[PDB]
Amino acid sequence: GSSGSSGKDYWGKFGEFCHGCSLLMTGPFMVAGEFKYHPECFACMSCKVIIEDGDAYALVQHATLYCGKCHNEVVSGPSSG
Ligand SMILES: [Zn+2]
Ligand SMILES: [Zn+2]
């Protein structure tokens, strides 16, 4: 298996860039977890489903993001354990 891709400016930090790609944005964006992302890059870490402006996202105590349906396992609220 192979991978290895780069291109992330160190300099030029005035505008806003999707945290996930470091590329500059111009149109609409989403804000959560005190970060910034392209409207196409705010997704459940594990499953990759794109979250939209209203779909229930979930945050973790660490740099991670999940969907409300699946973060359900990390909380176990109405379950036994
Ligand atoms: Zn992006
Ligand atoms: Zn999910």
# chains A, B, ... in the order shown; residues from 1 in each chain; ligands from 1
call {"tool": "residues_around", "arguments": {"residues": "residue 66 (chain A)", "least_positions_apart": "3", "cutoff": "9 Å", "atoms": "only C-alpha atoms", "output": "ChimeraX atom specification"}}
result
/A:43-47,57-60,69-71
call {"tool": "residues_near_ligand", "arguments": {"ligand": "ligand 1", "cutoff": "9 Å", "atoms": "only C-alpha atoms and all ligand atoms", "output": "PyMOL selection string"}}
result
chain A and resi 17-25+37-42
call {"tool": "atom_distance", "arguments": {"atom1": "CA of residue 26 (chain A)", "atom2": "CA of residue 5 (chain A)"}}
result
23.4 Å
call {"tool": "atom_distance", "arguments": {"atom1": "CA of residue 27 (chain A)", "atom2": "CA of residue 55 (chain A)"}}
result
19.7 Å
call {"tool": "select_by_dssp", "arguments": {"residues": "region 17-63 of chain A", "states": "strand (DSSP E)", "output": "number ranges by chain"}}
result
A: 30-32, 35-37, 57-59
call {"tool": "atom_distance", "arguments": {"atom1": "CA of residue 56 (chain A)", "atom2": "CA of residue 78 (chain A)"}}
result
17.9 Å
call {"tool": "residues_around", "arguments": {"residues": "residue 54 (chain A)", "least_positions_apart": "4", "cutoff": "12 Å", "atoms": "only C-alpha atoms", "output": "PDB file with N, CA, C and O atoms, in the first residue's frame"}}
result
ATOM      1  N   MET A  30     -18.112  25.990   8.344  1.00  0.00           N
ATOM      2  CA  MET A  30     -18.774  25.519   9.554  1.00  0.00           C
ATOM      3  C   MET A  30     -17.827  25.772  10.726  1.00  0.00           C
ATOM      4  O   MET A  30     -16.602  25.692  10.554  1.00  0.00           O
ATOM      5  N   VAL A  31     -18.386  26.078  11.901  1.00  0.00           N
ATOM      6  CA  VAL A  31     -17.611  26.355  13.104  1.00  0.00           C
ATOM      7  C   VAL A  31     -18.148  25.509  14.257  1.00  0.00           C
ATOM      8  O   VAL A  31     -19.344  25.552  14.586  1.00  0.00           O
ATOM      9  N   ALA A  32     -17.228  24.805  14.916  1.00  0.00           N
ATOM     10  CA  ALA A  32     -17.433  23.926  16.051  1.00  0.00           C
ATOM     11  C   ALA A  32     -16.062  23.590  16.639  1.00  0.00           C
ATOM     12  O   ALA A  32     -15.040  23.709  15.960  1.00  0.00           O
ATOM     13  N   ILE A  50     -20.292  13.227   5.799  1.00  0.00           N
ATOM     14  CA  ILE A  50     -20.231  14.679   5.846  1.00  0.00           C
ATOM     15  C   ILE A  50     -21.383  15.172   6.721  1.00  0.00           C
ATOM     16  O   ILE A  50     -22.512  14.683   6.592  1.00  0.00           O
ATOM     17  N   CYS A  67     -20.124  11.569  15.100  1.00  0.00           N
ATOM     18  CA  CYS A  67     -21.518  11.836  14.766  1.00  0.00           C
ATOM     19  C   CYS A  67     -22.355  11.526  16.011  1.00  0.00           C
ATOM     20  O   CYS A  67     -21.989  10.592  16.722  1.00  0.00           O
ATOM     21  N   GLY A  68     -23.497  12.179  16.240  1.00  0.00           N
ATOM     22  CA  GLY A  68     -24.328  11.910  17.417  1.00  0.00           C
ATOM     23  C   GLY A  68     -24.778  10.445  17.503  1.00  0.00           C
ATOM     24  O   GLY A  68     -24.783   9.844  18.582  1.00  0.00           O
TER      25      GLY A  68
END
call {"tool": "closest_residue", "arguments": {"among": "A:80, A:49, A:16, A:28", "to": "ligand 2", "atoms": "only C-alpha atoms and all ligand atoms"}}
result
A:49
call {"tool": "closest_residue", "arguments": {"among": "A:65, A:2, A:10, A:52", "to": "residue 35 (chain A)", "atoms": "only C-alpha atoms"}}
result
A:65
call {"tool": "select_by_dssp", "arguments": {"residues": "chain A", "states": "helix (DSSP H, G or I)", "output": "list in words"}}
result
residues 68, 69, 70, 71, 72, 73, 74 and 75 of chain A
call {"tool": "write_last_selection", "arguments": {"atoms": "N, CA and C atoms", "output": "CSV table (one decimal), in the first residue's frame"}}
result
chain,number,residue,atom,x,y,z
A,68,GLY,N,-23.5,12.2,16.2
A,68,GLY,CA,-24.3,11.9,17.4
A,68,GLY,C,-24.8,10.4,17.5
A,69,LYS,N,-25.1,9.8,16.4
A,69,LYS,CA,-25.6,8.4,16.3
A,69,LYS,C,-24.5,7.4,16.8
A,70,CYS,N,-23.2,7.6,16.5
A,70,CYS,CA,-22.1,6.8,16.8
A,70,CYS,C,-21.3,7.2,18.0
A,71,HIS,N,-21.3,8.5,18.4
A,71,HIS,CA,-20.6,9.0,19.6
A,71,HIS,C,-21.3,8.4,20.8
A,72,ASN,N,-22.5,7.9,20.6
A,72,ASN,CA,-23.4,7.2,21.5
A,72,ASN,C,-22.6,6.1,22.3
A,73,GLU,N,-21.7,5.4,21.6
A,73,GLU,CA,-20.9,4.3,22.1
A,73,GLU,C,-19.8,4.9,23.1
A,74,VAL,N,-19.3,6.1,22.9
A,74,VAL,CA,-18.3,6.7,23.7
A,74,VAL,C,-18.9,7.2,25.0
A,75,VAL,N,-20.2,7.4,25.1
A,75,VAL,CA,-20.9,7.9,26.2
A,75,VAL,C,-21.6,6.8,27.0
call {"tool": "closest_residue", "arguments": {"among": "A:77, A:63, A:7, A:48", "to": "ligand 2", "atoms": "only C-alpha atoms and all ligand atoms"}}
result
A:48
call {"tool": "decode", "arguments": {"residues": "region 36-48 of chain A", "atoms": "N, CA, C and O atoms", "output": "compact mmCIF listing (two decimals), in the first residue's frame"}}
result
# COMPACT_ATOMS: atom_id res chain seq x y z
N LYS A 36 -11.99 25.65 12.53
CA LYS A 36 -12.63 26.11 11.30
C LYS A 36 -12.42 25.04 10.25
O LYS A 36 -11.31 24.49 10.15
N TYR A 37 -13.42 24.76 9.42
CA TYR A 37 -13.32 23.73 8.39
C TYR A 37 -14.10 24.06 7.13
O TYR A 37 -15.07 24.81 7.18
N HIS A 38 -13.67 23.47 6.01
CA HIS A 38 -14.43 23.66 4.76
C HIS A 38 -15.79 22.98 5.01
O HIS A 38 -15.81 22.01 5.77
N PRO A 39 -16.88 23.37 4.33
CA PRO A 39 -18.21 22.79 4.50
C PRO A 39 -18.30 21.32 4.05
O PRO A 39 -19.31 20.65 4.22
N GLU A 40 -17.21 20.81 3.47
CA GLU A 40 -17.00 19.47 2.96
C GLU A 40 -16.04 18.64 3.82
O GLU A 40 -15.75 17.50 3.46
N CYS A 41 -15.46 19.21 4.89
CA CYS A 41 -14.47 18.51 5.71
C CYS A 41 -14.80 18.39 7.20
O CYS A 41 -13.90 18.12 8.00
N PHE A 42 -16.05 18.62 7.60
CA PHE A 42 -16.53 18.49 8.97
C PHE A 42 -17.29 17.16 8.87
O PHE A 42 -18.44 17.12 8.44
N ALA A 43 -16.61 16.05 9.18
CA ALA A 43 -17.17 14.70 9.08
C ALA A 43 -16.82 13.80 10.26
O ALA A 43 -15.86 14.08 11.00
N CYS A 44 -17.58 12.70 10.44
CA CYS A 44 -17.33 11.74 11.52
C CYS A 44 -15.96 11.15 11.21
O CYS A 44 -15.82 10.57 10.14
N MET A 45 -15.02 11.23 12.15
CA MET A 45 -13.65 10.73 11.96
C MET A 45 -13.62 9.31 11.41
O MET A 45 -13.14 9.06 10.31
N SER A 46 -14.22 8.39 12.17
CA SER A 46 -14.27 6.99 11.85
C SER A 46 -15.01 6.63 10.56
O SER A 46 -14.46 5.94 9.71
N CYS A 47 -16.24 7.13 10.36
CA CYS A 47 -17.04 6.76 9.18
C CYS A 47 -16.97 7.68 7.95
O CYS A 47 -17.49 7.30 6.90
N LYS A 48 -16.42 8.89 8.04
CA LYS A 48 -16.28 9.86 6.95
C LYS A 48 -17.55 10.52 6.40
O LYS A 48 -17.46 11.22 5.39
